[PDB]
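Asker: So I've got this file, protein_30.json, and it contains JSON, N, CA and C atoms:
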```
[["chain", "number", "residue", "atom", "x", "y", "z"],
["A", 219, "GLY", "N", -30.98, 48.10, -67.19],
["A", 219, "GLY", "CA", -29.79, 48.75, -66.65],
["A", 219, "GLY", "C", -29.11, 49.64, -67.67],
["A", 220, "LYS", "N", -28.92, 49.13, -68.89],
["A", 220, "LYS", "CA", -28.31, 49.97, -69.92],
["A", 220, "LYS", "C", -29.17, 51.18, -70.26],
["A", 221, "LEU", "N", -30.49, 51.02, -70.30],
["A", 221, "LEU", "CA", -31.37, 52.14, -70.63],
["A", 221, "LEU", "C", -31.30, 53.23, -69.57],
["A", 222, "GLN", "N", -31.27, 52.84, -68.29],
["A", 222, "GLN", "CA", -31.13, 53.84, -67.23],
["A", 222, "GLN", "C", -29.79, 54.56, -67.33],
["A", 223, "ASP", "N", -28.72, 53.83, -67.66],
["A", 223, "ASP", "CA", -27.43, 54.48, -67.84],
["A", 223, "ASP", "C", -27.48, 55.50, -68.98],
["A", 224, "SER", "N", -28.12, 55.14, -70.09],
["A", 224, "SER", "CA", -28.23, 56.08, -71.21],
["A", 224, "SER", "C", -29.04, 57.31, -70.83],
["A", 225, "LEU", "N", -30.10, 57.13, -70.04],
["A", 225, "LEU", "CA", -30.89, 58.28, -69.61],
["A", 225, "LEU", "C", -30.07, 59.22, -68.73],
["A", 226, "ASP", "N", -29.28, 58.66, -67.81],
["A", 226, "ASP", "CA", -28.43, 59.50, -66.98],
["A", 226, "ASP", "C", -27.40, 60.24, -67.81],
["A", 227, "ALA", "N", -26.81, 59.56, -68.80],
["A", 227, "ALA", "CA", -25.86, 60.22, -69.68],
["A", 227, "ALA", "C", -26.51, 61.35, -70.47],
["A", 228, "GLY", "N", -27.76, 61.16, -70.90],
["A", 228, "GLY", "CA", -28.45, 62.23, -71.61],
["A", 228, "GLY", "C", -28.74, 63.43, -70.73],
["A", 229, "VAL", "N", -29.13, 63.18, -69.47],
["A", 229, "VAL", "CA", -29.32, 64.29, -68.54],
["A", 229, "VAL", "C", -28.02, 65.06, -68.36],
["A", 230, "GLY", "N", -26.91, 64.34, -68.19],
["A", 230, "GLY", "CA", -25.63, 64.99, -68.06],
["A", 230, "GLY", "C", -25.23, 65.77, -69.29],
["A", 231, "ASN", "N", -25.57, 65.26, -70.47],
["A", 231, "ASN", "CA", -25.34, 66.02, -71.70],
["A", 231, "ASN", "C", -26.15, 67.30, -71.73],
["A", 232, "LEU", "N", -27.37, 67.27, -71.18],
["A", 232, "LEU", "CA", -28.20, 68.47, -71.21],
["A", 232, "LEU", "C", -27.72, 69.54, -70.24],
["A", 233, "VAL", "N", -27.39, 69.18, -69.01],
["A", 233, "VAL", "CA", -27.23, 70.18, -67.96],
["A", 233, "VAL", "C", -25.79, 70.41, -67.49],
["A", 234, "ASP", "N", -24.90, 69.43, -67.61],
["A", 234, "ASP", "CA", -23.58, 69.58, -67.02],
["A", 234, "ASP", "C", -22.75, 70.62, -67.76],
["A", 235, "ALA", "N", -22.02, 71.42, -67.00],
["A", 235, "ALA", "CA", -21.16, 72.46, -67.55],
["A", 235, "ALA", "C", -19.79, 71.90, -67.92],
["A", 236, "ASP", "N", -19.11, 72.59, -68.83],
["A", 236, "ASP", "CA", -17.76, 72.25, -69.26],
["A", 236, "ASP", "C", -16.80, 73.15, -68.50],
["A", 237, "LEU", "N", -16.25, 72.64, -67.39],
["A", 237, "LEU", "CA", -15.43, 73.47, -66.51],
["A", 237, "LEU", "C", -14.07, 73.81, -67.10],
["A", 238, "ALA", "N", -13.64, 73.11, -68.15],
["A", 238, "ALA", "CA", -12.35, 73.42, -68.76],
["A", 238, "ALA", "C", -12.34, 74.81, -69.37],
["A", 239, "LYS", "N", -13.45, 75.21, -70.01],
["A", 239, "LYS", "CA", -13.57, 76.59, -70.49],
["A", 239, "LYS", "C", -13.82, 77.55, -69.34],
["A", 240, "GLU", "N", -14.50, 77.08, -68.29],
["A", 240, "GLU", "CA", -14.81, 77.94, -67.16],
["A", 240, "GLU", "C", -13.55, 78.35, -66.42],
["A", 241, "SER", "N", -12.53, 77.49, -66.41],
["A", 241, "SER", "CA", -11.27, 77.83, -65.76],
["A", 241, "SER", "C", -10.58, 79.00, -66.44],
["A", 242, "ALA", "N", -10.67, 79.08, -67.77],
["A", 242, "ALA", "CA", -10.10, 80.22, -68.47],
["A", 242, "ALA", "C", -10.97, 81.47, -68.30],
["A", 243, "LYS", "N", -12.29, 81.30, -68.40],
["A", 243, "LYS", "CA", -13.17, 82.46, -68.28],
["A", 243, "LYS", "C", -13.09, 83.08, -66.89],
["A", 244, "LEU", "N", -12.86, 82.26, -65.85],
["A", 244, "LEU", "CA", -12.79, 82.80, -64.50],
["A", 244, "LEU", "C", -11.62, 83.77, -64.35],
["A", 245, "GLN", "N", -10.43, 83.35, -64.79],
["A", 245, "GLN", "CA", -9.27, 84.23, -64.71],
["A", 245, "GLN", "C", -9.42, 85.44, -65.62],
["A", 246, "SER", "N", -9.98, 85.25, -66.81],
["A", 246, "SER", "CA", -10.19, 86.38, -67.71],
["A", 246, "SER", "C", -11.12, 87.41, -67.08],
["A", 247, "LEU", "N", -12.18, 86.96, -66.41],
["A", 247, "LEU", "CA", -13.12, 87.90, -65.82],
["A", 247, "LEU", "C", -12.59, 88.51, -64.53],
["A", 248, "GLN", "N", -11.72, 87.81, -63.80],
["A", 248, "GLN", "CA", -11.06, 88.46, -62.67],
["A", 248, "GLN", "C", -10.16, 89.60, -63.13],
["A", 249, "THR", "N", -9.41, 89.38, -64.21],
["A", 249, "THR", "CA", -8.62, 90.47, -64.78],
["A", 249, "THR", "C", -9.52, 91.60, -65.27],
["A", 250, "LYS", "N", -10.63, 91.25, -65.93],
["A", 250, "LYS", "CA", -11.57, 92.27, -66.39],
["A", 250, "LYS", "C", -12.12, 93.08, -65.23],
["A", 251, "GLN", "N", -12.43, 92.42, -64.11],
["A", 251, "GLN", "CA", -12.95, 93.13, -62.95],
["A", 251, "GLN", "C", -11.91, 94.08, -62.37],
["A", 252, "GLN", "N", -10.64, 93.65, -62.32],
["A", 252, "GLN", "CA", -9.60, 94.54, -61.81],
["A", 252, "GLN", "C", -9.46, 95.78, -62.69],
["A", 253, "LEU", "N", -9.42, 95.59, -64.01],
["A", 253, "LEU", "CA", -9.34, 96.75, -64.90],
["A", 253, "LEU", "C", -10.57, 97.63, -64.82],
["A", 254, "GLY", "N", -11.76, 97.05, -64.62],
["A", 254, "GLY", "CA", -12.95, 97.86, -64.47],
["A", 254, "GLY", "C", -12.92, 98.71, -63.22],
["A", 255, "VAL", "N", -12.45, 98.13, -62.11],
["A", 255, "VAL", "CA", -12.31, 98.89, -60.87],
["A", 255, "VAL", "C", -11.33, 100.04, -61.07],
["A", 256, "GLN", "N", -10.19, 99.77, -61.70],
["A", 256, "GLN", "CA", -9.21, 100.83, -61.90],
["A", 256, "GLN", "C", -9.74, 101.92, -62.81],
["A", 257, "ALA", "N", -10.46, 101.55, -63.87],
["A", 257, "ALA", "CA", -10.99, 102.55, -64.79],
["A", 257, "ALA", "C", -12.06, 103.41, -64.13],
["A", 258, "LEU", "N", -12.93, 102.80, -63.33],
["A", 258, "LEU", "CA", -13.92, 103.59, -62.61],
["A", 258, "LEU", "C", -13.24, 104.52, -61.61],
["A", 259, "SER", "N", -12.18, 104.05, -60.95],
["A", 259, "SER", "CA", -11.44, 104.90, -60.02],
["A", 259, "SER", "C", -10.81, 106.08, -60.74],
["A", 260, "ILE", "N", -10.30, 105.86, -61.95],
["A", 260, "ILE", "CA", -9.78, 106.97, -62.74],
["A", 260, "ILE", "C", -10.90, 107.95, -63.09],
["A", 261, "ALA", "N", -12.07, 107.42, -63.47],
["A", 261, "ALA", "CA", -13.17, 108.28, -63.86],
["A", 261, "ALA", "C", -13.70, 109.12, -62.70],
["A", 262, "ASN", "N", -13.56, 108.63, -61.47],
["A", 262, "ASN", "CA", -14.04, 109.39, -60.32],
["A", 262, "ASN", "C", -13.30, 110.72, -60.14],
["A", 263, "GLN", "N", -12.11, 110.86, -60.71],
["A", 263, "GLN", "CA", -11.24, 112.01, -60.46],
["A", 263, "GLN", "C", -11.48, 113.18, -61.40],
["A", 264, "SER", "N", -12.51, 113.13, -62.25],
["A", 264, "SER", "CA", -12.70, 114.17, -63.25],
["A", 264, "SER", "C", -12.92, 115.54, -62.63],
["A", 265, "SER", "N", -13.56, 115.60, -61.46],
["A", 265, "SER", "CA", -13.88, 116.89, -60.86],
["A", 265, "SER", "C", -12.67, 117.57, -60.24],
["A", 266, "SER", "N", -11.60, 116.83, -59.95],
["A", 266, "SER", "CA", -10.45, 117.41, -59.26],
["A", 266, "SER", "C", -9.72, 118.43, -60.13],
["A", 267, "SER", "N", -9.78, 118.27, -61.45],
["A", 267, "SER", "CA", -9.06, 119.18, -62.34],
["A", 267, "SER", "C", -9.65, 120.59, -62.30],
["A", 268, "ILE", "N", -10.93, 120.72, -61.95],
["A", 268, "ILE", "CA", -11.56, 122.03, -61.93],
["A", 268, "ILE", "C", -10.95, 122.92, -60.85],
["A", 269, "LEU", "N", -10.54, 122.34, -59.72],
["A", 269, "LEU", "CA", -10.04, 123.14, -58.61],
["A", 269, "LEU", "C", -8.77, 123.89, -58.98],
["A", 270, "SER", "N", -7.99, 123.37, -59.92],
["A", 270, "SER", "CA", -6.73, 124.01, -60.27],
["A", 270, "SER", "C", -6.95, 125.35, -60.96],
["A", 271, "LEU", "N", -8.08, 125.53, -61.63],
["A", 271, "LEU", "CA", -8.35, 126.75, -62.37],
["A", 271, "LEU", "C", -8.78, 127.91, -61.48],
["A", 272, "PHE", "N", -9.03, 127.66, -60.20],
["A", 272, "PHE", "CA", -9.42, 128.72, -59.29],
["A", 272, "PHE", "C", -8.34, 128.97, -58.24],
["B", 219, "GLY", "N", -16.97, 19.24, -85.51],
["B", 219, "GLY", "CA", -16.28, 19.85, -84.38],
["B", 219, "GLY", "C", -15.10, 20.69, -84.81],
["B", 220, "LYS", "N", -14.29, 20.17, -85.73],
["B", 220, "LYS", "CA", -13.16, 20.96, -86.22],
["B", 220, "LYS", "C", -13.62, 22.21, -86.96],
["B", 221, "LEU", "N", -14.71, 22.12, -87.72],
["B", 221, "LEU", "CA", -15.22, 23.29, -88.43],
["B", 221, "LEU", "C", -15.72, 24.36, -87.47],
["B", 222, "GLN", "N", -16.40, 23.96, -86.40],
["B", 222, "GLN", "CA", -16.85, 24.94, -85.41],
["B", 222, "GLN", "C", -15.66, 25.61, -84.73],
["B", 223, "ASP", "N", -14.62, 24.83, -84.42],
["B", 223, "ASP", "CA", -13.42, 25.44, -83.85],
["B", 223, "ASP", "C", -12.80, 26.44, -84.81],
["B", 224, "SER", "N", -12.77, 26.10, -86.10],
["B", 224, "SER", "CA", -12.22, 27.02, -87.10],
["B", 224, "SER", "C", -13.04, 28.30, -87.18],
["B", 225, "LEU", "N", -14.36, 28.18, -87.11],
["B", 225, "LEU", "CA", -15.21, 29.38, -87.17],
["B", 225, "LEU", "C", -14.99, 30.27, -85.95],
["B", 226, "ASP", "N", -14.88, 29.68, -84.76],
["B", 226, "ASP", "CA", -14.62, 30.50, -83.58],
["B", 226, "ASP", "C", -13.26, 31.19, -83.67],
["B", 227, "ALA", "N", -12.24, 30.47, -84.15],
["B", 227, "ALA", "CA", -10.94, 31.09, -84.35],
["B", 227, "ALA", "C", -11.00, 32.21, -85.37],
["B", 228, "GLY", "N", -11.82, 32.05, -86.41],
["B", 228, "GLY", "CA", -11.97, 33.11, -87.40],
["B", 228, "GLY", "C", -12.62, 34.35, -86.83],
["B", 229, "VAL", "N", -13.65, 34.18, -86.00],
["B", 229, "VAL", "CA", -14.26, 35.34, -85.35],
["B", 229, "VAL", "C", -13.26, 36.03, -84.44],
["B", 230, "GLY", "N", -12.47, 35.25, -83.70],
["B", 230, "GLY", "CA", -11.46, 35.85, -82.85],
["B", 230, "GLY", "C", -10.41, 36.61, -83.64],
["B", 231, "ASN", "N", -9.98, 36.06, -84.77],
["B", 231, "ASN", "CA", -9.03, 36.76, -85.62],
["B", 231, "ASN", "C", -9.64, 38.03, -86.19],
["B", 232, "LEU", "N", -10.94, 38.02, -86.46],
["B", 232, "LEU", "CA", -11.58, 39.14, -87.13],
["B", 232, "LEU", "C", -12.00, 40.24, -86.18],
["B", 233, "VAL", "N", -12.07, 39.97, -84.87],
["B", 233, "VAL", "CA", -12.56, 40.99, -83.94],
["B", 233, "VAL", "C", -11.58, 41.29, -82.81],
["B", 234, "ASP", "N", -10.94, 40.26, -82.26],
["B", 234, "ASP", "CA", -10.17, 40.44, -81.04],
["B", 234, "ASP", "C", -8.95, 41.34, -81.27],
["B", 235, "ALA", "N", -8.72, 42.23, -80.32],
["B", 235, "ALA", "CA", -7.55, 43.10, -80.35],
["B", 235, "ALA", "C", -6.35, 42.42, -79.68],
["B", 236, "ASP", "N", -5.16, 42.84, -80.08],
["B", 236, "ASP", "CA", -3.92, 42.37, -79.47],
["B", 236, "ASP", "C", -3.55, 43.35, -78.36],
["B", 237, "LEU", "N", -3.78, 42.96, -77.11],
["B", 237, "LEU", "CA", -3.73, 43.89, -75.99],
["B", 237, "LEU", "C", -2.31, 44.34, -75.64],
["B", 238, "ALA", "N", -1.28, 43.70, -76.19],
["B", 238, "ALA", "CA", 0.08, 44.13, -75.91],
["B", 238, "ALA", "C", 0.35, 45.53, -76.44],
["B", 239, "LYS", "N", -0.31, 45.92, -77.54],
["B", 239, "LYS", "CA", -0.14, 47.27, -78.07],
["B", 239, "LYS", "C", -0.84, 48.30, -77.19],
["B", 240, "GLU", "N", -2.07, 48.00, -76.76],
["B", 240, "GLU", "CA", -2.76, 48.91, -75.86],
["B", 240, "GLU", "C", -2.11, 48.98, -74.50],
["B", 241, "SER", "N", -1.31, 47.98, -74.12],
["B", 241, "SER", "CA", -0.55, 48.07, -72.88],
["B", 241, "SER", "C", 0.43, 49.24, -72.90],
["B", 242, "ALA", "N", 0.96, 49.58, -74.08],
["B", 242, "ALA", "CA", 1.81, 50.75, -74.23],
["B", 242, "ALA", "C", 1.02, 52.01, -74.54],
["B", 243, "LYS", "N", -0.04, 51.87, -75.34],
["B", 243, "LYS", "CA", -0.86, 53.02, -75.68],
["B", 243, "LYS", "C", -1.52, 53.63, -74.45],
["B", 244, "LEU", "N", -1.89, 52.80, -73.47],
["B", 244, "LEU", "CA", -2.49, 53.31, -72.25],
["B", 244, "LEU", "C", -1.55, 54.27, -71.53],
["B", 245, "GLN", "N", -0.31, 53.83, -71.30],
["B", 245, "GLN", "CA", 0.65, 54.67, -70.60],
["B", 245, "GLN", "C", 0.99, 55.92, -71.40],
["B", 246, "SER", "N", 1.15, 55.76, -72.72],
["B", 246, "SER", "CA", 1.47, 56.92, -73.54],
["B", 246, "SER", "C", 0.36, 57.96, -73.49],
["B", 247, "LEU", "N", -0.90, 57.52, -73.58],
["B", 247, "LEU", "CA", -2.00, 58.48, -73.55],
["B", 247, "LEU", "C", -2.23, 59.05, -72.16],
["B", 248, "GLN", "N", -1.91, 58.32, -71.09],
["B", 248, "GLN", "CA", -1.98, 58.93, -69.77],
["B", 248, "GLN", "C", -0.95, 60.05, -69.63],
["B", 249, "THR", "N", 0.28, 59.81, -70.07],
["B", 249, "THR", "CA", 1.28, 60.87, -70.04],
["B", 249, "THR", "C", 0.86, 62.04, -70.92],
["B", 250, "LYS", "N", 0.27, 61.74, -72.08],
["B", 250, "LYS", "CA", -0.13, 62.79, -73.00],
["B", 250, "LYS", "C", -1.28, 63.62, -72.43],
["B", 251, "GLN", "N", -2.20, 62.98, -71.70],
["B", 251, "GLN", "CA", -3.27, 63.71, -71.05],
["B", 251, "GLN", "C", -2.73, 64.62, -69.95],
["B", 252, "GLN", "N", -1.78, 64.12, -69.16],
["B", 252, "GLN", "CA", -1.18, 64.98, -68.14],
["B", 252, "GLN", "C", -0.48, 66.18, -68.78],
["B", 253, "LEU", "N", 0.22, 65.94, -69.89],
["B", 253, "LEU", "CA", 0.90, 67.02, -70.59],
["B", 253, "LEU", "C", -0.10, 68.03, -71.15],
["B", 254, "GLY", "N", -1.23, 67.55, -71.66],
["B", 254, "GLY", "CA", -2.25, 68.46, -72.16],
["B", 254, "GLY", "C", -2.88, 69.29, -71.06],
["B", 255, "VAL", "N", -3.09, 68.69, -69.89],
["B", 255, "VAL", "CA", -3.60, 69.45, -68.75],
["B", 255, "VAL", "C", -2.60, 70.53, -68.35],
["B", 256, "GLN", "N", -1.32, 70.18, -68.32],
["B", 256, "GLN", "CA", -0.29, 71.17, -68.00],
["B", 256, "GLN", "C", -0.28, 72.31, -69.01],
["B", 257, "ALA", "N", -0.35, 71.98, -70.30],
["B", 257, "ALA", "CA", -0.33, 73.01, -71.34],
["B", 257, "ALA", "C", -1.56, 73.90, -71.27],
["B", 258, "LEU", "N", -2.72, 73.32, -70.99],
["B", 258, "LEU", "CA", -3.93, 74.13, -70.88],
["B", 258, "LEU", "C", -3.86, 75.05, -69.67],
["B", 259, "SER", "N", -3.32, 74.55, -68.55],
["B", 259, "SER", "CA", -3.15, 75.39, -67.38],
["B", 259, "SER", "C", -2.19, 76.54, -67.66],
["B", 260, "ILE", "N", -1.14, 76.29, -68.45],
["B", 260, "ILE", "CA", -0.25, 77.38, -68.84],
["B", 260, "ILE", "C", -0.98, 78.38, -69.72],
["B", 261, "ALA", "N", -1.79, 77.89, -70.66],
["B", 261, "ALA", "CA", -2.46, 78.77, -71.62],
["B", 261, "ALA", "C", -3.51, 79.66, -70.95],
["B", 262, "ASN", "N", -4.18, 79.16, -69.91],
["B", 262, "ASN", "CA", -5.18, 80.00, -69.25],
["B", 262, "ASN", "C", -4.58, 81.21, -68.55],
["B", 263, "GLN", "N", -3.27, 81.23, -68.34],
["B", 263, "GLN", "CA", -2.62, 82.34, -67.63],
["B", 263, "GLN", "C", -2.26, 83.51, -68.54],
["B", 264, "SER", "N", -2.59, 83.44, -69.83],
["B", 264, "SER", "CA", -2.16, 84.47, -70.77],
["B", 264, "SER", "C", -2.71, 85.85, -70.41],
["B", 265, "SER", "N", -3.89, 85.90, -69.79],
["B", 265, "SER", "CA", -4.50, 87.18, -69.45],
["B", 265, "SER", "C", -3.94, 87.78, -68.17],
["B", 266, "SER", "N", -3.17, 87.02, -67.39],
["B", 266, "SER", "CA", -2.66, 87.53, -66.12],
["B", 266, "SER", "C", -1.65, 88.64, -66.31],
["B", 267, "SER", "N", -0.93, 88.65, -67.43],
["B", 267, "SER", "CA", 0.12, 89.63, -67.64],
["B", 267, "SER", "C", -0.41, 91.05, -67.82],
["B", 268, "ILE", "N", -1.69, 91.21, -68.16],
["B", 268, "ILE", "CA", -2.24, 92.53, -68.42],
["B", 268, "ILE", "C", -2.23, 93.38, -67.16],
["B", 269, "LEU", "N", -2.45, 92.77, -65.99],
["B", 269, "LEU", "CA", -2.50, 93.52, -64.74],
["B", 269, "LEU", "C", -1.20, 94.25, -64.46],
["B", 270, "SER", "N", -0.06, 93.69, -64.89],
["B", 270, "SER", "CA", 1.22, 94.32, -64.63],
["B", 270, "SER", "C", 1.37, 95.64, -65.37],
["B", 271, "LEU", "N", 0.70, 95.79, -66.51],
["B", 271, "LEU", "CA", 0.82, 97.01, -67.29],
["B", 271, "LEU", "C", 0.06, 98.17, -66.67],
["B", 272, "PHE", "N", -0.90, 97.89, -65.79],
["B", 272, "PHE", "CA", -1.70, 98.94, -65.18],
["B", 272, "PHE", "C", -1.43, 99.04, -63.69]]
```
The structure in this file should be written as structure tokens.
Answerer:
Amino acid sequence: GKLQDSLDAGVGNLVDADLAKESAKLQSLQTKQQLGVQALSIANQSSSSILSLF
Amino acid sequence: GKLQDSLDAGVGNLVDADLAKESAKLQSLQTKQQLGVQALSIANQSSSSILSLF
């Protein structure tokens, strides 16, 4: 019984994720995604400045 | 018989914990864990303020 418990604990050590860091990374990457969308939207407007010169 | 009783009492003195102290340490560490969870939840929000600037 103890050996099987140790084996299960070792599997969990190998594969289980640490969600405490994931909670911070999730919000950080949501903010990153919002800024990336806004920056790409700004970059889409480069051609509009040409029309003013004509 | 008296010597065996003395030896058992000696092992108990040398290993056994006094659970009245852990009766308080349990509650203190439960409160401290809740406080740490609260503080970590506050800390993960540090990146949220960037969206307001853009």
Asker: Could you state the separation of CA of residue 267 (chain B) and CA of residue 254 (chain A) in Å, given to one decimal place?
Answerer: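 Distance between the two atoms: 15.8 Å.
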Asker: Please report the interatomic distance between atom N of residue 232 (chain B) and atom N of residue 245 (chain B) in Å with one decimal.
Answerer: 24.3 Å
Asker: Hey, can you check how far CA of residue 259 (chain B) sits from CA of residue 236 (chain A)?
Answerer: 15.1 Å
Asker: Using only C-alpha atoms, find which residues of chain B lie within 10 Å of chain A and jot them down as a PyMOL selection string.
Answerer: chain B and resi 255+258-259+261-269+272
Asker: Output requested as a PDB file, in the frame of the given file - region 241-261 of chain A, filled out with N, CA, C and O atoms.
Answerer:
```
ATOM      1  N   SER A 241     -12.530  77.490 -66.410  1.00  0.00           N
ATOM      2  CA  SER A 241     -11.270  77.830 -65.760  1.00  0.00           C
ATOM      3  C   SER A 241     -10.580  79.000 -66.440  1.00  0.00           C
ATOM      4  O   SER A 241      -9.968  79.832 -65.770  1.00  0.00           O
ATOM      5  N   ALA A 242     -10.670  79.080 -67.770  1.00  0.00           N
ATOM      6  CA  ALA A 242     -10.100  80.220 -68.470  1.00  0.00           C
ATOM      7  C   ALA A 242     -10.970  81.470 -68.300  1.00  0.00           C
ATOM      8  O   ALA A 242     -10.446  82.568 -68.078  1.00  0.00           O
ATOM      9  N   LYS A 243     -12.290  81.300 -68.400  1.00  0.00           N
ATOM     10  CA  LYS A 243     -13.170  82.460 -68.280  1.00  0.00           C
ATOM     11  C   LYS A 243     -13.090  83.080 -66.890  1.00  0.00           C
ATOM     12  O   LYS A 243     -13.223  84.295 -66.747  1.00  0.00           O
ATOM     13  N   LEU A 244     -12.860  82.260 -65.850  1.00  0.00           N
ATOM     14  CA  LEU A 244     -12.790  82.800 -64.500  1.00  0.00           C
ATOM     15  C   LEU A 244     -11.620  83.770 -64.350  1.00  0.00           C
ATOM     16  O   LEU A 244     -11.787  84.889 -63.856  1.00  0.00           O
ATOM     17  N   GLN A 245     -10.430  83.350 -64.790  1.00  0.00           N
ATOM     18  CA  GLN A 245      -9.270  84.230 -64.710  1.00  0.00           C
ATOM     19  C   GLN A 245      -9.420  85.440 -65.620  1.00  0.00           C
ATOM     20  O   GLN A 245      -9.056  86.567 -65.234  1.00  0.00           O
ATOM     21  N   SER A 246      -9.980  85.250 -66.810  1.00  0.00           N
ATOM     22  CA  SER A 246     -10.190  86.380 -67.710  1.00  0.00           C
ATOM     23  C   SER A 246     -11.120  87.410 -67.080  1.00  0.00           C
ATOM     24  O   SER A 246     -10.860  88.619 -67.164  1.00  0.00           O
ATOM     25  N   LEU A 247     -12.180  86.960 -66.410  1.00  0.00           N
ATOM     26  CA  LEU A 247     -13.120  87.900 -65.820  1.00  0.00           C
ATOM     27  C   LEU A 247     -12.590  88.510 -64.530  1.00  0.00           C
ATOM     28  O   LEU A 247     -12.966  89.633 -64.199  1.00  0.00           O
ATOM     29  N   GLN A 248     -11.720  87.810 -63.800  1.00  0.00           N
ATOM     30  CA  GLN A 248     -11.060  88.460 -62.670  1.00  0.00           C
ATOM     31  C   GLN A 248     -10.160  89.600 -63.130  1.00  0.00           C
ATOM     32  O   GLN A 248     -10.167  90.689 -62.544  1.00  0.00           O
ATOM     33  N   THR A 249      -9.410  89.380 -64.210  1.00  0.00           N
ATOM     34  CA  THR A 249      -8.620  90.470 -64.780  1.00  0.00           C
ATOM     35  C   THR A 249      -9.520  91.600 -65.270  1.00  0.00           C
ATOM     36  O   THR A 249      -9.234  92.780 -65.029  1.00  0.00           O
ATOM     37  N   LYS A 250     -10.630  91.250 -65.930  1.00  0.00           N
ATOM     38  CA  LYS A 250     -11.570  92.270 -66.390  1.00  0.00           C
ATOM     39  C   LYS A 250     -12.120  93.080 -65.230  1.00  0.00           C
ATOM     40  O   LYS A 250     -12.268  94.303 -65.332  1.00  0.00           O
ATOM     41  N   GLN A 251     -12.430  92.420 -64.110  1.00  0.00           N
ATOM     42  CA  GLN A 251     -12.950  93.130 -62.950  1.00  0.00           C
ATOM     43  C   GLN A 251     -11.910  94.080 -62.370  1.00  0.00           C
ATOM     44  O   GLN A 251     -12.235  95.207 -61.983  1.00  0.00           O
ATOM     45  N   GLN A 252     -10.640  93.650 -62.320  1.00  0.00           N
ATOM     46  CA  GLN A 252      -9.600  94.540 -61.810  1.00  0.00           C
ATOM     47  C   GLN A 252      -9.460  95.780 -62.690  1.00  0.00           C
ATOM     48  O   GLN A 252      -9.397  96.909 -62.183  1.00  0.00           O
ATOM     49  N   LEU A 253      -9.420  95.590 -64.010  1.00  0.00           N
ATOM     50  CA  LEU A 253      -9.340  96.750 -64.900  1.00  0.00           C
ATOM     51  C   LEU A 253     -10.570  97.630 -64.820  1.00  0.00           C
ATOM     52  O   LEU A 253     -10.461  98.860 -64.917  1.00  0.00           O
ATOM     53  N   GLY A 254     -11.760  97.050 -64.620  1.00  0.00           N
ATOM     54  CA  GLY A 254     -12.950  97.860 -64.470  1.00  0.00           C
ATOM     55  C   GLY A 254     -12.920  98.710 -63.220  1.00  0.00           C
ATOM     56  O   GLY A 254     -13.302  99.880 -63.235  1.00  0.00           O
ATOM     57  N   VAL A 255     -12.450  98.130 -62.110  1.00  0.00           N
ATOM     58  CA  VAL A 255     -12.310  98.890 -60.870  1.00  0.00           C
ATOM     59  C   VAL A 255     -11.330 100.040 -61.070  1.00  0.00           C
ATOM     60  O   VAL A 255     -11.603 101.183 -60.668  1.00  0.00           O
ATOM     61  N   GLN A 256     -10.190  99.770 -61.700  1.00  0.00           N
ATOM     62  CA  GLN A 256      -9.210 100.830 -61.900  1.00  0.00           C
ATOM     63  C   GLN A 256      -9.740 101.920 -62.810  1.00  0.00           C
ATOM     64  O   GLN A 256      -9.501 103.114 -62.565  1.00  0.00           O
ATOM     65  N   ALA A 257     -10.460 101.550 -63.870  1.00  0.00           N
ATOM     66  CA  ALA A 257     -10.990 102.550 -64.790  1.00  0.00           C
ATOM     67  C   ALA A 257     -12.060 103.410 -64.130  1.00  0.00           C
ATOM     68  O   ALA A 257     -12.093 104.632 -64.327  1.00  0.00           O
ATOM     69  N   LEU A 258     -12.930 102.800 -63.330  1.00  0.00           N
ATOM     70  CA  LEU A 258     -13.920 103.590 -62.610  1.00  0.00           C
ATOM     71  C   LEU A 258     -13.240 104.520 -61.610  1.00  0.00           C
ATOM     72  O   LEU A 258     -13.654 105.680 -61.446  1.00  0.00           O
ATOM     73  N   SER A 259     -12.180 104.050 -60.950  1.00  0.00           N
ATOM     74  CA  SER A 259     -11.440 104.900 -60.020  1.00  0.00           C
ATOM     75  C   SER A 259     -10.810 106.080 -60.740  1.00  0.00           C
ATOM     76  O   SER A 259     -10.777 107.194 -60.197  1.00  0.00           O
ATOM     77  N   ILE A 260     -10.300 105.860 -61.950  1.00  0.00           N
ATOM     78  CA  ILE A 260      -9.780 106.970 -62.740  1.00  0.00           C
ATOM     79  C   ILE A 260     -10.900 107.950 -63.090  1.00  0.00           C
ATOM     80  O   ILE A 260     -10.721 109.170 -63.026  1.00  0.00           O
ATOM     81  N   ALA A 261     -12.070 107.420 -63.470  1.00  0.00           N
ATOM     82  CA  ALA A 261     -13.170 108.280 -63.860  1.00  0.00           C
ATOM     83  C   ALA A 261     -13.700 109.120 -62.700  1.00  0.00           C
ATOM     84  O   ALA A 261     -14.233 110.209 -62.921  1.00  0.00           O
TER      85      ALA A 261
END
```
